[PDB]
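This report refers to the structure that appears directly beneath it.
A quick note on method: Cβ atoms are made from the backbone with ideal geometry, for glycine too, and the neighbour counts reach across all protein chains shown. Here, each number is a calculation from the coordinates, and none is a lab measurement.
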8 protein chains.
Amino acid sequence: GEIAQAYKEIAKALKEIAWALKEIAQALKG
Amino acid sequence: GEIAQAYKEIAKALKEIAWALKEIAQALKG
Amino acid sequence: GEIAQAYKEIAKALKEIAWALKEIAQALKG
Amino acid sequence: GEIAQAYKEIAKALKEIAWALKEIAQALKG
Amino acid sequence: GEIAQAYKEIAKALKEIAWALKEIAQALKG
Amino acid sequence: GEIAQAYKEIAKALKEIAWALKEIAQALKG
Amino acid sequence: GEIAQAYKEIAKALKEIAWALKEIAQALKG
Amino acid sequence: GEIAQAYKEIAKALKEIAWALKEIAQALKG
């Protein structure tokens, strides 16, 4: 359904935020 | 539908937050 | 509808958060 | 309606988070 | 209603996050 | 009701995020 | 119910974010 | 159900944000 699919897109966007925060960790380590 | 479309706009906004966090990572790497 | 319009306002507010995080990146670059 | 109004209060709170992040940017620029 | 009241509590909690981020800005300024 | 109670638990968790951000502010002030 | 249980899992995940932010505060204090 | 499953994916994504924040803490401790 389109609502569950839109919530899945929100989950994917939150995973992109997590990946960006991992990139911040890597930048701090350097 | 307008509700699923509004949730998709929330997902797009969350992706923009991820992009901004990546810009923070790049600024720290410099 | 008023609910979809309120979700659109939440998306706009999340975009403002993304813009503020971009401003943080610019501040770190300086 | 009370639900749409409550979602609008969530949007206003998210905008306050954006303003606070801008204050962080300004503190880093100083 | 109890659902709108619970969303209002979420908005108040997001405002507390904004205030804490303002406290971070003040800490960086010092 | 169980849904309003679950939303209240989300608000409490968001308040814990605010408290944690205040601990970050205090760590920067030291 | 499965929806209230899923919202409870979201609250638990937000508490994990708060704990991680407390870990950041501890790292800054050191 | 697909909606509860989508909310569980949002919780998992929020947990990934917590893990990423822990990686930030570890980078600061180094």
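At a glance:
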| read-out | value |
| --- | --- |
| All positions within chain A that are over 8 Å from the mean Cα position of the chain (by Cα), of a type in the set (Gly, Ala, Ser) and within 15 Å of B:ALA13 (Cα to Cα) | A:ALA6 |
| Whichever residue in the range G:19-30 is facing chain H (nearest Cβ under 7 Å) and of a type in the set (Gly, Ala, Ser) and, among such residues, is surrounded by the fewest Cβ atoms within 10 Å (Cβ to Cβ) | G:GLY30 |
| Residues being more than 7 Å from chain D (Cβ to nearest Cβ) and either hydrophobic (A, V, I, L, M, F, W, C) or within 15 Å of A:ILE17 (Cβ to Cβ) (or both) - total across the range C:1-18 | 4 |
